[PDB]
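Participant: First, the structure itself, so that you have it in front of you.
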Amino acid sequence: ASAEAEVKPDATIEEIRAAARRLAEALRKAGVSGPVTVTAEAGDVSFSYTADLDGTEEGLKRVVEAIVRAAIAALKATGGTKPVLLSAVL
């Protein structure tokens with residue numbers, strides 16, 4: 001019930017979404033269902049959201065969009081000069 005990816009500061013939006021889909025896809029690969037709390041950590045800031053991972057494709061895309069939301073907040077808050085640790089906990 002845990003997944004992490006480290007995103008480079010210079011990352012494109014496609015790269016961020018790729019990381020997000022890897023995290024949600026790893027959570028999908030345990031038969032594991034429930035509220036997922038996602039977090040993006042960068043420097044001295046952290047942002048978290050909760051998305052329901054229910055089993056539907058639509059739940060997966062919700063979780064992905066929460067991850068990408070948190071990630072962009074982190075990169076904006078650190079000026080795109082610091083790596084971002086994406087994590088998703090179930």
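Identifiers in the structure tokens: chain A, B, ... in order shown; residue index from 1 per chain; ligand index from 1 in order shown.
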Pick out the residues sitting within 8 Å of range 3-7 of chain A, and hand them over as a list in words; count only C-alpha atoms, and ignore anything fewer than 6 positions along from it in its own chain.

Facilitator: residues 15, 16, 19, 23, 24, 26, 27, 83, 84, 85, 86, 87, 88 and 89 of chain A

Participant: Need the shell around range 63-77 of chain A: protein/DNA/RNA residues with any atom at most 9 Å away, counting only C-alpha atoms. Skip same-chain ones fewer than 3 positions apart. Format as JSON, numbers by chain?

Facilitator: {"A": [7, 9, 13, 16, 17, 19, 20, 21, 22, 23, 24, 36, 37, 38, 39, 40, 41, 42, 43, 45, 46, 47, 48, 49, 50, 51, 52, 53, 58, 59, 60, 80, 81, 82, 83, 84, 85, 86, 87, 88]}

Participant: Could you give me the residues within chain A that DSSP places in strand (DSSP E), as a PyMOL selection string?

Facilitator: chain A and resi 2-7+34-42+45-53+84-89

Participant: Write the residues of the selection above to a file with N, CA, C and O atoms, as a short mmCIF file (atom, residue, chain, number, x, y, z; two decimals), in the first residue's frame.

Facilitator:
```
data_model
loop_
_atom_site.label_atom_id
_atom_site.label_comp_id
_atom_site.auth_asym_id
_atom_site.auth_seq_id
_atom_site.Cartn_x
_atom_site.Cartn_y
_atom_site.Cartn_z
N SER A 2 1.91 1.25 -0.83
CA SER A 2 2.87 2.36 -0.87
C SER A 2 3.56 2.37 -2.21
O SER A 2 3.95 1.32 -2.72
N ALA A 3 3.75 3.56 -2.77
CA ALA A 3 4.47 3.69 -4.03
C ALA A 3 5.13 5.06 -4.08
O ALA A 3 4.53 6.06 -3.68
N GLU A 4 6.36 5.11 -4.58
CA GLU A 4 7.12 6.34 -4.67
C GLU A 4 7.80 6.42 -6.03
O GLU A 4 8.19 5.40 -6.60
N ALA A 5 7.97 7.64 -6.51
CA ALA A 5 8.76 7.93 -7.69
C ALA A 5 9.41 9.28 -7.48
O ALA A 5 8.80 10.18 -6.89
N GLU A 6 10.65 9.43 -7.91
CA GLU A 6 11.33 10.71 -7.80
C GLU A 6 11.37 11.32 -9.19
O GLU A 6 11.86 10.68 -10.13
N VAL A 7 10.85 12.53 -9.30
CA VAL A 7 10.74 13.28 -10.55
C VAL A 7 11.82 14.35 -10.58
O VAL A 7 12.05 15.04 -9.57
N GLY A 34 -9.24 1.31 -2.14
CA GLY A 34 -9.49 2.19 -1.02
C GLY A 34 -9.09 3.62 -1.27
O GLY A 34 -8.64 3.99 -2.36
N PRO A 35 -9.26 4.47 -0.25
CA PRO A 35 -8.77 5.85 -0.37
C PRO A 35 -7.25 5.84 -0.41
O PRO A 35 -6.60 5.14 0.37
N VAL A 36 -6.70 6.58 -1.35
CA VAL A 36 -5.27 6.75 -1.51
C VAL A 36 -4.95 8.19 -1.16
O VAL A 36 -5.62 9.11 -1.64
N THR A 37 -4.00 8.39 -0.26
CA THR A 37 -3.47 9.72 0.02
C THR A 37 -2.16 9.85 -0.75
O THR A 37 -1.23 9.05 -0.55
N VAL A 38 -2.11 10.83 -1.66
CA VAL A 38 -0.96 11.11 -2.50
C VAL A 38 -0.31 12.38 -1.98
O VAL A 38 -0.97 13.27 -1.43
N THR A 39 1.02 12.44 -2.12
CA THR A 39 1.84 13.52 -1.61
C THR A 39 2.98 13.80 -2.58
O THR A 39 3.57 12.88 -3.14
N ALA A 40 3.27 15.09 -2.80
CA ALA A 40 4.45 15.53 -3.53
C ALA A 40 5.29 16.35 -2.56
O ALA A 40 4.78 17.32 -1.98
N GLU A 41 6.54 15.94 -2.36
CA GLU A 41 7.48 16.60 -1.46
C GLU A 41 8.62 17.22 -2.23
O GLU A 41 9.24 16.56 -3.07
N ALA A 42 8.91 18.49 -1.95
CA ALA A 42 10.02 19.15 -2.63
C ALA A 42 10.60 20.21 -1.71
O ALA A 42 9.86 21.07 -1.22
N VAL A 45 8.52 22.08 1.17
CA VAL A 45 7.07 22.08 0.97
C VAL A 45 6.58 20.67 0.67
O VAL A 45 7.33 19.81 0.19
N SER A 46 5.31 20.43 0.98
CA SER A 46 4.68 19.15 0.70
C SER A 46 3.19 19.41 0.47
O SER A 46 2.59 20.21 1.19
N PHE A 47 2.61 18.73 -0.53
CA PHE A 47 1.19 18.85 -0.82
C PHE A 47 0.56 17.48 -0.99
O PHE A 47 1.12 16.60 -1.65
N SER A 48 -0.64 17.31 -0.43
CA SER A 48 -1.31 16.03 -0.34
C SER A 48 -2.77 16.15 -0.77
O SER A 48 -3.42 17.18 -0.51
N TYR A 49 -3.27 15.13 -1.47
CA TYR A 49 -4.69 15.03 -1.78
C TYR A 49 -5.13 13.59 -1.58
O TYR A 49 -4.31 12.67 -1.48
N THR A 50 -6.44 13.37 -1.58
CA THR A 50 -6.95 12.02 -1.43
C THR A 50 -7.88 11.73 -2.59
O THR A 50 -8.80 12.50 -2.89
N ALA A 51 -7.65 10.58 -3.22
CA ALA A 51 -8.43 10.13 -4.37
C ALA A 51 -8.80 8.68 -4.12
O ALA A 51 -8.03 7.92 -3.53
N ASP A 52 -10.03 8.33 -4.47
CA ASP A 52 -10.53 6.99 -4.24
C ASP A 52 -10.04 6.08 -5.35
O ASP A 52 -10.36 6.29 -6.53
N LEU A 53 -9.30 5.04 -4.99
CA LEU A 53 -8.86 4.00 -5.92
C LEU A 53 -9.84 2.85 -5.75
O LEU A 53 -9.70 2.04 -4.83
N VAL A 84 11.26 16.31 -6.96
CA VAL A 84 9.98 16.11 -6.28
C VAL A 84 9.80 14.63 -6.03
O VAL A 84 9.92 13.82 -6.95
N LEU A 85 9.50 14.27 -4.79
CA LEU A 85 9.20 12.89 -4.45
C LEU A 85 7.68 12.73 -4.44
O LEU A 85 6.99 13.32 -3.61
N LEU A 86 7.18 11.95 -5.39
CA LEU A 86 5.78 11.57 -5.45
C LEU A 86 5.57 10.28 -4.69
O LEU A 86 6.35 9.33 -4.83
N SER A 87 4.51 10.23 -3.89
CA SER A 87 4.23 9.02 -3.13
C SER A 87 2.73 8.88 -2.99
O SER A 87 1.99 9.86 -2.99
N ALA A 88 2.29 7.63 -2.90
CA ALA A 88 0.88 7.29 -2.81
C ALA A 88 0.75 6.16 -1.81
O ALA A 88 1.39 5.11 -1.95
N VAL A 89 -0.10 6.38 -0.81
CA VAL A 89 -0.25 5.46 0.31
C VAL A 89 -1.71 5.05 0.40
O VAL A 89 -2.61 5.89 0.38
#
```

Participant: Just asking: which residues within range 15-81 of chain A are alpha helix (DSSP H) according to DSSP, as a PyMOL selection string?

Facilitator: chain A and resi 15-28+57-77

Participant: Could you write out the selected residues, including C-alpha atoms, as a PDB file, in the first residue's frame?

Facilitator:
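Contents of selection35.pdb, freshly written:
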```pdb
ATOM      1  CA  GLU A  15       7.116  12.897 -17.583  1.00  0.00           C
ATOM      2  CA  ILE A  16       5.139  13.917 -14.486  1.00  0.00           C
ATOM      3  CA  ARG A  17       2.027  12.147 -15.761  1.00  0.00           C
ATOM      4  CA  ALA A  18       4.153   9.092 -16.535  1.00  0.00           C
ATOM      5  CA  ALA A  19       5.455   8.993 -12.981  1.00  0.00           C
ATOM      6  CA  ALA A  20       1.887   9.410 -11.674  1.00  0.00           C
ATOM      7  CA  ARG A  21       0.611   6.500 -13.799  1.00  0.00           C
ATOM      8  CA  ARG A  22       3.471   4.329 -12.580  1.00  0.00           C
ATOM      9  CA  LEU A  23       2.503   4.966  -8.946  1.00  0.00           C
ATOM     10  CA  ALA A  24      -1.200   4.374  -9.513  1.00  0.00           C
ATOM     11  CA  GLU A  25      -0.362   1.325 -11.655  1.00  0.00           C
ATOM     12  CA  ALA A  26       1.767  -0.167  -8.878  1.00  0.00           C
ATOM     13  CA  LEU A  27      -1.093   0.333  -6.422  1.00  0.00           C
ATOM     14  CA  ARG A  28      -3.420  -1.282  -8.960  1.00  0.00           C
ATOM     15  CA  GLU A  57     -10.408   3.039 -14.837  1.00  0.00           C
ATOM     16  CA  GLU A  58     -12.054   6.291 -13.749  1.00  0.00           C
ATOM     17  CA  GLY A  59     -10.741   5.857 -10.207  1.00  0.00           C
ATOM     18  CA  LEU A  60      -7.262   5.258 -11.596  1.00  0.00           C
ATOM     19  CA  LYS A  61      -7.404   8.481 -13.622  1.00  0.00           C
ATOM     20  CA  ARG A  62      -8.668  10.387 -10.557  1.00  0.00           C
ATOM     21  CA  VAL A  63      -5.664   9.119  -8.578  1.00  0.00           C
ATOM     22  CA  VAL A  64      -3.307  10.060 -11.440  1.00  0.00           C
ATOM     23  CA  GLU A  65      -4.751  13.564 -11.584  1.00  0.00           C
ATOM     24  CA  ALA A  66      -4.342  14.015  -7.833  1.00  0.00           C
ATOM     25  CA  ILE A  67      -0.699  12.972  -8.135  1.00  0.00           C
ATOM     26  CA  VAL A  68      -0.087  15.400 -11.004  1.00  0.00           C
ATOM     27  CA  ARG A  69      -1.855  18.184  -9.063  1.00  0.00           C
ATOM     28  CA  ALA A  70       0.356  17.697  -6.018  1.00  0.00           C
ATOM     29  CA  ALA A  71       3.458  17.424  -8.229  1.00  0.00           C
ATOM     30  CA  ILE A  72       2.792  20.685 -10.054  1.00  0.00           C
ATOM     31  CA  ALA A  73       2.127  22.459  -6.755  1.00  0.00           C
ATOM     32  CA  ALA A  74       5.479  21.191  -5.462  1.00  0.00           C
ATOM     33  CA  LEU A  75       7.412  22.233  -8.570  1.00  0.00           C
ATOM     34  CA  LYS A  76       5.825  25.680  -8.596  1.00  0.00           C
ATOM     35  CA  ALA A  77       6.501  26.092  -4.858  1.00  0.00           C
TER      36      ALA A  77
END
```

Participant: Hey, which of A:90, A:56, A:10, A:30 ends up closest to residue 78 in chain A? Count only C-alpha atoms.

Facilitator: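 Using only C-alpha atoms, the shortest distance to residue 78 in chain A belongs to A:10.
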